[PDB]
A.B. asks: 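The structure that follows is given in the form of structure tokens.
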There are 4 protein chains.
Amino acid sequence: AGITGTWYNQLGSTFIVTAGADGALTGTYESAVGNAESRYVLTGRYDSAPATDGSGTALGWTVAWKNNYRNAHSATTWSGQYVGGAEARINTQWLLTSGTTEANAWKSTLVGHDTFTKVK
Amino acid sequence: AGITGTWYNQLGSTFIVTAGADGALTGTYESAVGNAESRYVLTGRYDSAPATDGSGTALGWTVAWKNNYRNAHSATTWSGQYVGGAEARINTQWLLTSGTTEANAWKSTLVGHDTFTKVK
Amino acid sequence: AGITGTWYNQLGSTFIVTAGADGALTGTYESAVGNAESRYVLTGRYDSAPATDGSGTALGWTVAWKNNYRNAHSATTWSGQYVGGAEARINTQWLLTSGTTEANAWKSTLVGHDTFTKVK
Amino acid sequence: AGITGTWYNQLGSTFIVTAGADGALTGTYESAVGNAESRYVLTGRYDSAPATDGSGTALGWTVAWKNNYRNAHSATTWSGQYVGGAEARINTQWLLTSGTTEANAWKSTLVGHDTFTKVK
Ligand SMILES: O=C(O)CCCC[C@@H]1SC[C@@H]2NC(=O)N[C@@H]21
Ligand SMILES: O=C(O)CCCC[C@@H]1SC[C@@H]2NC(=O)N[C@@H]21
Ligand SMILES: O=C(O)CCCC[C@@H]1SC[C@@H]2NC(=O)N[C@@H]21
Ligand SMILES: O=C(O)CCCC[C@@H]1SC[C@@H]2NC(=O)N[C@@H]21
């Protein structure tokens with residue numbers, strides 16, 4: 001209900017997610033940036049029984065950057081929380097890992113942050 | 001074949017995963033540490049068509065820290081790569097996000113690293 | 001000139017810095033949040049000869065959370081870049097490490113992000 | 001006494017540091033890897049009054065990747081803890097930020113981990 005829907009980051013990337021009663025996140029991620037083109041499968045987990053003291057709902061998901069058209073040989077994971085209300089928000093930090101040789105493995109993992117809203 | 005199996009981190013946590021032909025990771029995570037007890041659902045993605053130049057296979061997965069017995073109101077995401085061979089390895093960095101109030105949201109996200117092997 | 005001055009994060013924390021000709025950052029950090037009170041020493045480094053292609057100036061600094069009044073037994077490091085102009089900005093990610101036992105060392109390091117401006 | 005000395009990471013990089021009575025870290029970093037050559041200035045902070053319950057000493061430092069010979073237009077920060085004894089150790093996580101355009105700013109920050117020992 002809260003987490004199910006279409007979400008938009010600050011850089012124009014679309015996250016279309018379903019929050020299953022079990023705790024499953026399934027969907028598609030469309031990335032406006034990077035070595036990516038078009039639509040990618042998303043899987044993840046959320047807290048299906050969150051705290052009743054105004055705290056956010058912990059969640060996370062993974063996109064492997066491989067569809068029928070492109071393969072970036074990389075995966076992003078987002079770790080975050082859903083903050084429900086009028087101005088509904090998913091505040092995340094992410095890790096992007098690239099497939100490297102053991103000599104390049106030190107420089108394999110980019111870190112960042114994304115804020116997602118339900119407003120295009 | 002490579003990624004499918006039972007994996008062990010440096011702190012004694014068990015990761016039992018199946019790597020589906022589509023790019024799906026499904027399994028269970030048993031955590032030896034933290035505010036956790038017993039067995040938790042794992043979902044993730046991997047690069048189902050990796051590079052043929054000695055590079056690792058990018059992957060990622062999520063555990064929401066909620067089963068039938070416990071709820072820690074938190075989720076970990078691991079971002080990493082599978083390095084195949086005799087001494088097969090998953091080198092990861094992780095983000096653990098806790099469900100917080102907006103006043104506590106600065107301190108919501110722990111970062112770390114795990115190395116997983118197929119040797120108990 | 002650019003980096004020298006008083007800076008304000010999104011959570012109301014004051015960063016007063018001098019950018020030395022050698023590449024030295026020296027100053028004080030006043031933290032509006034956490035287990036902190038009042039004014040703490042800052043040391044860091046910046047790129048004293050940045051690129052002339054509209055790119056930001058790489059920098060970083062450390063605060064150990066210990067003055068004459070408090071000791072939180074912790075240190076934050078910020079890694080970022082100075083973006084000069086009319087709306088001058090320091091975009092950072094940070095690591096906060098706490099002094100722990102080896103059993104608690106997995107949960108020692110919080111990660112986040114701060115944006116600093118010259119507007120109070 | 002504990003933190004003052006020559007330190008070696010897992011990838012063969014030398015950290016030569018002095019731990020001042022005030023809490024100041026000063027030194028040189030010699031990087032065995034990356035777009036770097038030779039010797040770079042290090043500044044940082046440590047907890048000069050740590051806890052007497054077997055807990056590590058929180059510290060941090062910054063290297064801007066610029067000397068008289070090279071400029072990588074980047075800075076690394078390490079956040080960590082000193083674990084004293086027979087097998088003395090500095091366990092860190094790091095952020096490497098590169099000077100980028102605002103279009104490339106999402107991919108500006110690499111994350112990793114280093115363990116330093118006093119054994120070459
Ligand atoms: O460049 C790549 O290796 C593949 C595309 C990565 C897209 C990045 S992942 C973090 C951030 N979130 C997005 O909306 N896309 C970028
Ligand atoms: O303490 C909690 O909030 C829930 C348990 C967290 C387990 C952590 S997640 C990162 C690391 N990997 C493990 O094997 N377990 C710990
Ligand atoms: O709570 C502590 O352990 C000490 C105070 C930490 C202050 C944090 S560090 C990251 C963020 N930046 C700030 O302005 N202060 C908080
Ligand atoms: O490649 C660059 O941009 C400059 C050199 C970076 C060296 C990296 S920083 C993290 C790690 N620690 C080291 O010993 N060196 C590498």
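Letters A, B, ... mirror the listed sequences (proteins, then strands); counts begin at 1. Below, all heavy atoms of this structure are taken into account, side chains as well, without hydrogens, waters or symmetry copies.
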A.B. asks: Would a distance-only check, ignoring hydrogens and angles, find a side-chain to backbone donor-acceptor pair under 3.5 Å from C:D47 to D:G99?
C.D. replies: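 No, because the side chain of C:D47 does not come within donor-acceptor range (under 3.5 Å) of the backbone of D:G99.
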A.B. asks: Could you go step by step and tell me if C:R45 and D:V63 meet the side-chain contact (heavy atoms from CB on, under 4.5 Å) rule?
C.D. replies: CA-CA 6 Å; C:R45 308 289 302 160; D:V63 174; 5.8 Å; no
A.B. asks: Please classify the contact between C:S98 and chain D as side chain, backbone, both or neither, with a heavy-atom cut-off of under 4.5 Å.
C.D. replies: backbone
A.B. asks: Using non-hydrogen atoms only, which part of C:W65 is less than 4.5 Å away from chain D: side chain, backbone, both, or neither?
C.D. replies: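 It is neither, since no heavy atom gets under 4.5 Å.
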A.B. asks: Which heavy atom in C:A75 sits nearest to a heavy atom in D:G60, and how many Å separate them?
C.D. replies: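 Of all heavy-atom pairs spanning C:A75 and D:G60, the closest is CB-N, 4.4 Å.
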A.B. asks: Could you tell me whether the side chain of C:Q81 and the main chain of D:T97 form a donor-acceptor pair under 3.5 Å?
C.D. replies: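 Looks like no, no N/O pair under 3.5 Å.
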A.B. asks: I need the minimum non-hydrogen distance between C:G44 and D:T43, along with the two atoms involved.
C.D. replies: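 Closest approach of C:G44 to D:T43, heavy atoms only: O-CG2, 3.2 Å.
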A.B. asks: Might you point out which heavy atoms bring D:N71 and C:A49 nearest each other, and give the distance in Å?
C.D. replies: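 Shortest heavy-atom contact: ND2-O, 2.9 Å.
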A.B. asks: Pick one: which of C:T76, C:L95, C:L110 meets side-chain contact (heavy atoms from CB on, under 4.5 Å) with D:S79?
C.D. replies: C:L95
A.B. asks: With rounding to the nearest 0.5 angstrom, report the OG1 to OH distance, C:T62 to D:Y46.
C.D. replies: 14.0 Å
A.B. asks: Which region of C:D53, side chain (C-beta onward) or backbone (N, CA, C, O), has a non-hydrogen atom less than 4.5 Å from a non-hydrogen atom of chain D, or is it both or neither?
C.D. replies: backbone
A.B. asks: To the closest 0.5 Å, what do you measure between CD (D:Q93) and OG1 (C:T109)?
C.D. replies: 4.5 Å
A.B. asks: Heavy-atom pairs under 4.5 Å with chain D: which of C:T101, C:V111, C:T100 has the most?
C.D. replies: C:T100
A.B. asks: Check each atom of C:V41 against the heavy atoms of chain D and say whether the ones under 4.5 Å are side chain, backbone, both or neither.
C.D. replies: both
